[PDB]
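Participant: Just one file: work-v4.cif, with mmCIF, C-alpha atoms and all ligand atoms.
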```cif
data_start
loop_
_atom_site.label_atom_id
_atom_site.label_comp_id
_atom_site.auth_asym_id
_atom_site.auth_seq_id
_atom_site.Cartn_x
_atom_site.Cartn_y
_atom_site.Cartn_z
CA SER A 1 36.14 19.32 35.07
CA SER A 2 34.73 22.47 33.47
CA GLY A 3 36.78 25.69 33.28
CA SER A 4 39.59 27.03 35.45
CA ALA A 5 40.54 29.94 37.71
CA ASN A 6 43.94 31.59 38.21
CA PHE A 7 45.44 32.57 41.52
CA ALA A 8 49.01 33.41 42.57
CA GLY A 9 50.41 32.19 39.28
CA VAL A 10 48.72 28.77 39.42
CA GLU A 11 45.88 27.55 37.20
CA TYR A 12 43.24 25.56 39.08
CA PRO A 13 40.63 23.41 37.33
CA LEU A 14 37.08 23.92 38.51
CA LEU A 15 36.46 20.36 39.76
CA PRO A 16 32.89 19.02 39.99
CA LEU A 17 30.89 18.15 43.08
CA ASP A 18 27.96 16.15 41.79
CA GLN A 19 24.43 16.38 43.20
CA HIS A 20 24.95 13.15 45.17
CA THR A 21 27.55 14.88 47.37
CA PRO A 22 26.06 14.88 50.89
CA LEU A 23 25.11 18.03 52.76
CA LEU A 24 26.35 18.51 56.33
CA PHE A 25 24.88 20.49 59.23
CA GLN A 26 26.26 20.58 62.76
CA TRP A 27 24.68 21.08 66.17
CA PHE A 28 26.80 20.82 69.32
CA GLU A 29 24.62 21.58 72.33
CA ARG A 30 26.13 22.91 75.56
CA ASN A 31 22.78 23.00 77.42
CA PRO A 32 20.54 20.08 76.38
CA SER A 33 18.20 20.96 79.27
CA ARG A 34 16.79 23.86 77.24
CA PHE A 35 14.89 21.26 75.19
CA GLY A 36 12.11 18.95 76.28
CA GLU A 37 13.00 15.45 77.39
CA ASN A 38 11.43 14.10 74.18
CA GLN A 39 12.35 17.12 72.03
CA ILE A 40 14.76 17.12 69.11
CA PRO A 41 17.77 18.81 70.80
CA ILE A 42 18.50 21.27 67.97
CA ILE A 43 17.61 24.96 68.32
CA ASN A 44 14.38 25.89 66.55
CA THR A 45 13.35 29.34 67.82
CA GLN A 46 11.82 32.13 65.77
CA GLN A 47 15.20 33.89 65.62
CA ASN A 48 17.12 30.64 64.91
CA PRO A 49 14.79 28.11 63.21
CA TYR A 50 17.71 25.81 62.59
CA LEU A 51 15.88 22.47 62.84
CA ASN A 52 13.30 23.90 60.44
CA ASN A 53 16.07 25.05 58.08
CA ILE A 54 17.70 21.60 58.13
CA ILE A 55 14.37 19.91 57.41
CA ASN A 56 13.69 22.36 54.58
CA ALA A 57 17.08 21.55 53.06
CA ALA A 58 16.34 17.83 53.34
CA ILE A 59 13.00 18.35 51.59
CA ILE A 60 14.55 20.46 48.82
CA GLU A 61 17.45 18.02 48.33
CA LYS A 62 15.32 14.88 48.48
CA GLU A 63 17.84 12.82 46.47
CA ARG A 64 20.84 13.79 48.60
CA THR A 65 22.10 12.46 51.94
CA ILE A 66 21.77 15.13 54.64
CA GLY A 67 24.11 14.56 57.58
CA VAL A 68 23.46 16.15 60.96
CA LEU A 69 26.56 15.95 63.16
CA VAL A 70 25.33 16.37 66.73
CA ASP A 71 27.03 16.41 70.10
CA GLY A 72 26.10 16.99 73.72
CA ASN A 73 24.93 15.13 76.82
CA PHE A 74 21.54 14.25 75.38
CA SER A 75 18.84 12.49 77.36
CA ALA A 76 17.50 9.13 76.19
CA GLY A 77 14.27 10.72 74.97
CA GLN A 78 16.21 13.34 73.00
CA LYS A 79 18.16 10.59 71.21
CA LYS A 80 14.87 8.80 70.46
CA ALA A 81 13.57 12.08 69.01
CA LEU A 82 16.64 12.26 66.76
CA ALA A 83 15.99 8.68 65.61
CA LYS A 84 12.39 9.64 64.89
CA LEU A 85 13.68 12.52 62.77
CA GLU A 86 15.92 10.09 60.90
CA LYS A 87 12.82 7.99 60.19
CA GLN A 88 10.53 10.86 59.14
CA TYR A 89 13.08 12.05 56.56
CA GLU A 90 14.87 9.18 54.82
CA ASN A 91 17.82 11.28 53.61
CA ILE A 92 18.56 12.72 57.09
CA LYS A 93 21.33 10.80 58.85
CA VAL A 94 22.12 11.76 62.44
CA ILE A 95 25.78 11.19 63.35
CA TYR A 96 26.87 11.42 66.98
CA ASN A 97 30.35 12.93 67.19
CA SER A 98 31.32 10.47 69.94
CA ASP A 99 30.72 7.58 67.50
CA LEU A 100 33.55 8.77 65.23
CA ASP A 101 37.18 7.91 65.93
CA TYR A 102 39.39 10.98 65.51
CA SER A 103 42.59 9.52 66.98
CA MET A 104 44.30 9.32 63.58
CA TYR A 105 44.29 13.15 63.46
CA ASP A 106 45.54 13.61 67.03
CA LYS A 107 48.92 14.67 68.40
CA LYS A 108 50.44 14.99 71.86
CA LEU A 109 50.64 18.56 73.16
CA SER A 110 54.04 17.87 74.73
CA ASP A 111 55.29 16.69 71.31
CA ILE A 112 54.17 19.95 69.68
CA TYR A 113 55.83 21.99 72.44
CA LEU A 114 59.10 20.01 72.31
CA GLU A 115 59.30 20.25 68.52
CA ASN A 116 58.68 24.00 68.68
CA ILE A 117 61.36 24.45 71.34
CA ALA A 118 63.80 22.51 69.16
CA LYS A 119 62.91 24.56 66.09
CA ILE A 120 63.31 27.86 67.93
CA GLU A 121 66.67 26.67 69.27
CA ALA A 122 67.75 25.60 65.76
CA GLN A 123 67.64 29.18 64.48
CA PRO A 124 70.28 31.91 64.95
CA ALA A 125 70.10 33.58 68.35
CA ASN A 126 69.51 37.02 66.81
CA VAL A 127 66.13 35.97 65.33
CA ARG A 128 64.71 33.55 67.91
CA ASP A 129 61.22 34.35 69.15
CA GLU A 130 62.18 34.29 72.83
CA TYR A 131 58.84 35.49 74.18
CA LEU A 132 57.13 32.63 72.33
CA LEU A 133 59.82 30.26 73.61
CA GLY A 134 58.98 31.27 77.16
CA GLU A 135 55.24 30.93 76.63
CA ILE A 136 55.64 27.47 75.08
CA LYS A 137 57.78 26.44 78.05
CA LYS A 138 55.10 27.59 80.50
CA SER A 139 52.42 25.78 78.49
CA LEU A 140 54.47 22.56 78.59
CA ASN A 141 55.07 22.98 82.33
CA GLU A 142 51.33 23.33 82.95
CA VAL A 143 50.64 20.29 80.75
CA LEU A 144 53.10 18.26 82.82
CA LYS A 145 51.43 19.52 86.00
CA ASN A 146 47.83 18.75 84.99
CA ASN A 147 47.76 16.04 82.29
CA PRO A 148 51.00 14.90 80.61
CA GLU A 149 49.03 12.95 77.98
CA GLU A 150 47.07 16.03 76.85
CA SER A 151 46.54 16.13 73.09
CA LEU A 152 44.97 18.33 70.43
CA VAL A 153 41.74 16.32 70.55
CA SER A 154 41.53 16.12 74.34
CA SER A 155 42.37 19.79 74.90
CA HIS A 156 39.81 20.92 72.31
CA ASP A 157 37.30 18.45 73.77
CA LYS A 158 37.43 20.33 77.08
CA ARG A 159 36.39 23.56 75.35
CA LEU A 160 32.82 24.72 75.84
CA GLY A 161 32.33 27.17 72.96
CA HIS A 162 32.77 27.56 69.22
CA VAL A 163 36.39 26.36 69.17
CA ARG A 164 35.27 22.80 69.93
CA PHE A 165 32.76 22.48 67.13
CA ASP A 166 35.14 24.26 64.72
CA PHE A 167 37.76 21.61 65.53
CA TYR A 168 35.39 18.71 65.05
CA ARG A 169 33.92 20.30 61.90
CA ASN A 170 37.36 20.29 60.28
CA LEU A 171 38.07 16.71 61.36
CA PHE A 172 34.70 15.45 60.09
CA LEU A 173 35.28 17.15 56.74
CA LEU A 174 38.65 15.40 56.55
CA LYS A 175 36.76 12.13 56.97
CA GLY A 176 34.36 13.24 54.23
CA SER A 177 31.70 10.81 53.05
CA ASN A 178 33.68 8.12 54.89
CA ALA A 179 32.34 9.43 58.21
CA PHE A 180 28.84 8.33 57.19
CA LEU A 181 30.05 4.78 56.52
CA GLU A 182 32.14 4.79 59.71
CA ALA A 183 29.04 5.65 61.75
CA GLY A 184 26.95 2.88 60.20
CA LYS A 185 24.46 5.11 58.39
CA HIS A 186 22.35 2.73 56.30
CA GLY A 187 20.64 3.52 53.01
CA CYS A 188 23.25 6.10 52.02
CA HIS A 189 23.07 4.58 48.60
CA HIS A 190 25.03 7.30 46.73
CA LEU A 191 28.04 7.59 49.04
CA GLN A 192 31.43 6.48 47.68
CA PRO A 193 34.44 5.83 49.91
CA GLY A 194 36.66 8.88 49.64
CA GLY A 195 33.67 10.99 48.63
CA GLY A 196 33.39 14.66 49.49
CA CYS A 197 30.97 16.72 51.55
CA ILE A 198 29.30 20.15 51.64
CA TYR A 199 29.12 21.60 55.15
CA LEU A 200 26.58 24.40 55.62
CA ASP A 201 25.74 26.51 58.64
CA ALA A 202 22.15 25.78 59.66
CA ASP A 203 21.22 29.42 58.89
CA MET A 204 22.17 28.92 55.21
CA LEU A 205 18.66 28.85 53.76
CA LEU A 206 18.27 26.69 50.67
CA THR A 207 15.76 28.27 48.29
CA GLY A 208 16.25 25.68 45.53
CA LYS A 209 18.29 22.73 44.41
CA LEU A 210 22.06 23.14 44.40
CA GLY A 211 22.78 21.06 41.31
CA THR A 212 26.40 20.33 40.49
CA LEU A 213 29.08 22.65 41.88
CA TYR A 214 32.41 23.53 40.27
CA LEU A 215 35.10 24.64 42.70
CA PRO A 216 38.84 25.37 42.31
CA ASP A 217 40.70 22.14 43.09
CA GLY A 218 37.39 20.88 44.46
CA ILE A 219 37.18 23.20 47.49
CA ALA A 220 35.48 26.48 48.41
CA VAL A 221 34.55 28.16 51.68
CA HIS A 222 32.26 30.95 52.80
CA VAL A 223 33.34 34.56 52.44
CA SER A 224 31.68 36.83 54.97
CA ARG A 225 31.02 40.33 53.62
CA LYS A 226 29.59 42.06 56.69
CA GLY A 227 29.99 45.82 56.75
CA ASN A 228 33.03 47.21 54.94
CA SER A 229 35.30 44.15 55.25
CA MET A 230 35.44 40.62 53.89
CA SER A 231 36.91 37.51 55.45
CA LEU A 232 37.38 33.83 54.72
CA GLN A 233 34.89 31.92 56.85
CA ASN A 234 34.02 28.32 57.70
CA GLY A 235 30.23 28.80 57.66
CA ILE A 236 30.37 26.90 54.36
CA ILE A 237 33.05 24.32 53.56
CA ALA A 238 32.62 22.29 50.36
CA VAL A 239 35.11 19.58 49.38
CA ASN A 240 34.90 17.10 46.51
CA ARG A 241 36.82 14.35 48.34
CA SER A 242 37.95 13.07 51.70
CA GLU A 243 41.36 14.10 53.09
CA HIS A 244 41.35 17.21 50.94
CA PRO A 245 44.88 18.68 50.71
CA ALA A 246 43.79 22.17 51.84
CA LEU A 247 42.12 20.91 55.03
CA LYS A 248 44.95 18.42 55.50
CA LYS A 249 47.33 21.38 55.36
CA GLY A 250 45.22 23.14 57.98
CA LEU A 251 45.65 20.08 60.18
CA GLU A 252 49.38 20.15 59.44
CA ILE A 253 49.59 23.76 60.63
CA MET A 254 47.72 22.83 63.80
CA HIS A 255 50.15 19.94 64.30
CA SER A 256 53.07 22.38 64.02
CA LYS A 257 51.89 25.58 65.74
CA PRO A 258 51.83 25.54 69.57
CA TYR A 259 48.47 27.32 69.84
CA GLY A 260 46.79 26.49 66.54
CA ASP A 261 43.20 27.64 66.09
CA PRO A 262 40.81 25.35 64.16
CA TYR A 263 39.48 28.36 62.22
CA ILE A 264 42.42 30.75 61.83
CA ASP A 265 44.90 27.93 61.11
CA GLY A 266 42.84 24.84 60.33
CA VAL A 267 40.77 26.63 57.68
CA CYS A 268 42.19 30.03 56.73
CA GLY A 269 45.83 29.05 57.17
CA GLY A 270 45.40 25.78 55.30
CA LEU A 271 43.62 27.44 52.38
CA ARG A 272 46.14 30.26 52.08
CA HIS A 273 49.11 27.88 52.28
CA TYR A 274 47.62 25.43 49.80
CA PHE A 275 46.71 28.20 47.34
CA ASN A 276 49.83 30.32 48.03
CA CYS A 277 47.99 33.40 49.34
CA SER A 278 50.84 34.96 51.29
CA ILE A 279 50.74 38.26 53.17
CA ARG A 280 52.18 39.82 50.00
CA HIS A 281 49.27 38.58 47.89
CA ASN A 282 45.92 40.34 47.49
CA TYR A 283 43.65 38.89 50.17
CA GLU A 284 40.58 40.29 48.40
CA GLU A 285 41.49 38.55 45.15
CA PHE A 286 41.90 35.26 47.00
CA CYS A 287 38.52 35.75 48.67
CA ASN A 288 36.91 36.26 45.25
CA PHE A 289 38.74 33.18 43.95
CA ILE A 290 37.78 30.76 46.74
CA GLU A 291 34.32 32.15 47.58
CA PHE A 292 31.44 29.68 47.67
CA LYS A 293 28.69 31.42 45.69
CA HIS A 294 25.18 30.12 45.03
CA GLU A 295 21.99 31.87 43.98
CA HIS A 296 19.85 29.21 45.72
CA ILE A 297 21.35 29.79 49.19
CA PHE A 298 20.31 32.69 51.43
CA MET A 299 23.53 32.99 53.38
CA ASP A 300 24.15 33.70 57.08
CA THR A 301 20.56 34.55 57.94
CA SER A 302 21.65 34.68 61.61
CA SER A 303 22.88 38.22 60.88
CA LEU A 304 19.25 39.30 60.46
CA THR A 305 18.55 38.29 64.08
CA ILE A 306 21.14 37.05 66.59
CA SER A 307 24.02 34.59 66.46
CA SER A 308 23.39 31.27 68.22
CA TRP A 309 26.75 31.26 70.07
CA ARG A 310 27.80 34.93 70.35
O1 LIG B 1 25.31 26.26 70.42
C1 LIG B 1 25.70 26.26 69.24
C2 LIG B 1 25.84 27.41 68.41
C3 LIG B 1 26.28 27.27 67.14
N1 LIG B 1 26.60 26.05 66.61
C4 LIG B 1 27.09 25.92 65.23
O2 LIG B 1 27.53 27.20 64.78
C5 LIG B 1 26.96 27.46 63.49
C6 LIG B 1 26.89 28.95 63.24
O3 LIG B 1 25.66 29.48 63.77
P1 LIG B 1 25.26 30.99 63.55
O4 LIG B 1 25.05 31.18 62.10
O5 LIG B 1 24.10 31.39 64.46
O6 LIG B 1 26.52 31.82 64.05
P2 LIG B 1 27.33 32.93 63.25
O7 LIG B 1 28.72 32.31 63.12
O8 LIG B 1 26.69 33.28 61.95
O9 LIG B 1 27.38 34.10 64.24
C7 LIG B 1 25.63 26.72 63.52
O10 LIG B 1 25.12 26.48 62.22
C8 LIG B 1 26.03 25.42 64.23
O11 LIG B 1 26.63 24.51 63.33
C9 LIG B 1 26.49 24.89 67.36
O12 LIG B 1 26.77 23.78 66.91
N2 LIG B 1 26.04 25.06 68.64
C1 LIG B 2 32.47 37.26 62.90
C2 LIG B 2 32.47 35.93 63.60
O1 LIG B 2 32.14 35.82 64.78
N1 LIG B 2 32.87 34.88 62.88
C3 LIG B 2 32.88 33.53 63.41
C4 LIG B 2 34.31 32.97 63.51
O2 LIG B 2 35.08 33.77 64.39
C5 LIG B 2 34.27 31.53 64.00
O3 LIG B 2 35.56 30.94 63.94
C6 LIG B 2 33.30 30.70 63.15
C7 LIG B 2 33.11 29.31 63.69
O4 LIG B 2 32.45 29.33 64.95
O5 LIG B 2 32.01 31.32 63.15
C8 LIG B 2 32.02 32.60 62.58
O6 LIG B 2 30.73 33.13 62.49
MG MG B 3 25.21 32.56 60.67
#
```
What does the file become when written as structure tokens?
Facilitator:
Amino acid sequence: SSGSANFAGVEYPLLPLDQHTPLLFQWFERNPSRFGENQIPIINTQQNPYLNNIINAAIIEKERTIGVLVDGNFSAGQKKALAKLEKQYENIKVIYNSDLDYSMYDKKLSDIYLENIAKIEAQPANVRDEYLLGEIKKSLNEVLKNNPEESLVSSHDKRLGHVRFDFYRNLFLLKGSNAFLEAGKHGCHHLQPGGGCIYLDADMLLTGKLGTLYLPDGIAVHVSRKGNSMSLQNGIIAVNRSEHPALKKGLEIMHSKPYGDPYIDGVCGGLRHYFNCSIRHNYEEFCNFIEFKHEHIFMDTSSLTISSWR
């Protein structure tokens, strides 16, 4: 521990994330056919040189495990290319999302709907959200018509866009360093069970070594300052431990809300609940408090060109 930062009447120690804390990048590919059969299936265009950025981060942080969480229907040659990348850079560990078991974070959709119907019925009739009650009842009806066993994981798994890799990003960060050991990644000499993790968007250009970070209660996230507004953002998520209470609270919210969003609820909601940033608090002050800052990271370079999913 170093100093401390105040927010909403609570004093938070700036907890350390040592230099052995692993870095984490993520590539979930919807269209693996846009790469060669023996190509590394991670985008690497002039506008989005993301494979190059990852390799540059692995070269700069030579004494740090660099995890690449990948997903998509990859061809055999593409997987062999990923293994070749793992061999060309010792610290790069490729983790296939399908090799991780996320069932311990799952919940039945019908259970969420039933609990919400009970909790709307348990409140005085003059304040019940009746429109929401109706929408939850239609959602449950459709679940019973199409797949009664539908769950958070399975429903998000069927998504084809950013929501899916947001969801799995949060779950992986809950696993923390433990995900590396669960996937059988050998030679991760520095990883401790229960260790943390620093997730970075691939467009977060490292220009130097990160050293040791000091974050309030051991967590910080990106703050986008595009144009005249600012917003909490999951483009960077640094935690000093597995099962971090802020991300665990985001998962709690998603277990309780009928239509929880991995970003709005799993990240922003969890942070604001954990740190007591209500709608009556200053959102800008909280952004300044929780912001992940670093002089050796050129942040969100995808805004100089085009977004890879937009
Ligand atoms: O097909 C895609 C597009 C994006 N991403 C992930 O989304 C992140 C954000 O990419 P980018 O910075 O281009 O988007 P932005 O959110 O800045 O618009 C990337 O780093 C990847 O982890 C992905 O996995 N697959
Ligand atoms: C301005 C914008 O698009 N922000 C998106 C956010 O909505 C999304 O939840 C997140 C994860 O995909 O990526 C950000 O870049
Ligand atoms: Mg970006």
Participant: Edge lengths and centre in Å to one decimal, as JSON, is what I'm after for the box along x, y and z that holds all listed atoms of region 55-60 of chain A once 3 Å is added on each side.
Facilitator:
```
{"center_x": 15.0, "center_y": 20.1, "center_z": 53.1, "size_x": 10.1, "size_y": 10.5, "size_z": 14.6}
```
Participant: List all protein, DNA and RNA residues that have an atom no more than 7 Å from any atom of ligand MG 3 (chain B), counting all atoms listed in the file, and report them as a list in words.
Facilitator: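 Taking all atoms listed in the file into account, the residues around ligand MG 3 (chain B) at most 7 Å away are residues 201, 203, 235, 300, 301, 302, 303 and 307 of chain A.
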Participant: Take CA of residue 215 (chain A) and CA of residue 295 (chain A) and report the distance between them in Å, one decimal.
Facilitator: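 About the pair CA of residue 215 (chain A) and CA of residue 295 (chain A): they are 15.0 Å apart.
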Participant: Show me, as CSV, the residues of region 176-260 of chain A having an atom within 10 Å of region 61-80 of chain A, each with the closest atom pair and its distance in Å, using all atoms listed in the file.
Facilitator:
```
residue,atom,partner,partner_atom,distance
A:177,CA,A:67,CA,9.6
A:179,CA,A:67,CA,9.7
A:180,CA,A:67,CA,7.8
A:185,CA,A:67,CA,9.5
A:187,CA,A:65,CA,9.1
A:188,CA,A:65,CA,6.5
A:189,CA,A:65,CA,8.6
A:190,CA,A:65,CA,7.9
A:191,CA,A:65,CA,8.2
A:197,CA,A:67,CA,9.4
A:198,CA,A:66,CA,9.5
A:199,CA,A:67,CA,9.0
A:202,CA,A:68,CA,9.8
A:206,CA,A:61,CA,9.0
A:208,CA,A:61,CA,8.2
A:209,CA,A:61,CA,6.2
A:210,CA,A:61,CA,7.9
A:211,CA,A:61,CA,9.3
```
Participant: Write as a count of residues only the residues around ligand LIG 1 (chain B), taking 10 Å as the cut-off and counting only C-alpha atoms and all ligand atoms.
Facilitator: 52
Participant: Have a look at atom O5 of ligand LIG 2 (chain B) and CA of residue 261 (chain A) and let me know their distance in Å, one decimal.
Facilitator: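 Pair atom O5 of ligand LIG 2 (chain B) / CA of residue 261 (chain A) returns 12.1 Å.
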Participant: Could you give me, as a list in words, the residues that have an atom at most 10 Å away from the point (31.4, 7.1, 60.8) in the coordinates of the file, using all atoms listed in the file?
Facilitator: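 Checked against the point, the hits come out as residues 95, 96, 97, 98, 99, 100, 101, 172, 175, 176, 177, 178, 179, 180, 181, 182, 183, 184 and 185 of chain A.
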Participant: Counting only C-alpha atoms and all ligand atoms, which residue out of A:167, A:260, A:275, A:281 sits closest to ligand LIG 2 (chain B)?
Facilitator: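 Looking at the shortest contact to ligand LIG 2 (chain B), the residue is A:167.
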Participant: Which is closer to ligand LIG 2 (chain B) than all the others in A:231, A:53, A:242, A:282, using all atoms listed in the file?
Facilitator: A:231
Participant: Have a look at A:297, A:205, A:112, A:144 and name the one nearest to residue 56 (chain A); count all atoms listed in the file.
Facilitator: A:205
Participant: Do you have the CA of residue 196 (chain A)-CA of residue 239 (chain A) distance handy?
Facilitator: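 Going from CA of residue 196 (chain A) over to CA of residue 239 (chain A), I get 5.2 Å.
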Participant: Using only C-alpha atoms and all ligand atoms, find the one residue out of A:248, A:225, A:272, A:119 that sits nearest to ligand LIG 2 (chain B).
Facilitator: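 Selected residue with least distance to ligand LIG 2 (chain B): A:225.
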Participant: Which residue is closest to residue 82 (chain A)? Choose from A:39, A:123, A:207, A:141 and count all atoms listed in the file.
Facilitator: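 Among the listed residues, A:39 lies closest to residue 82 (chain A).
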Participant: In terms of the shortest atom-to-atom distance over only C-alpha atoms, which of A:245, A:213, A:171, A:298 is closest to residue 263 (chain A)?
Facilitator: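 Selected residue with least distance to residue 263 (chain A): A:171.
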Participant: Need the shell around residue 279 (chain A): protein/DNA/RNA residues with any atom at most 12 Å away, counting all atoms listed in the file. Skip same-chain ones fewer than 6 positions apart. Format as a list in words?
Facilitator: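 Contacts, in chain order: residues 8, 269, 272, 273 and 286 of chain A.
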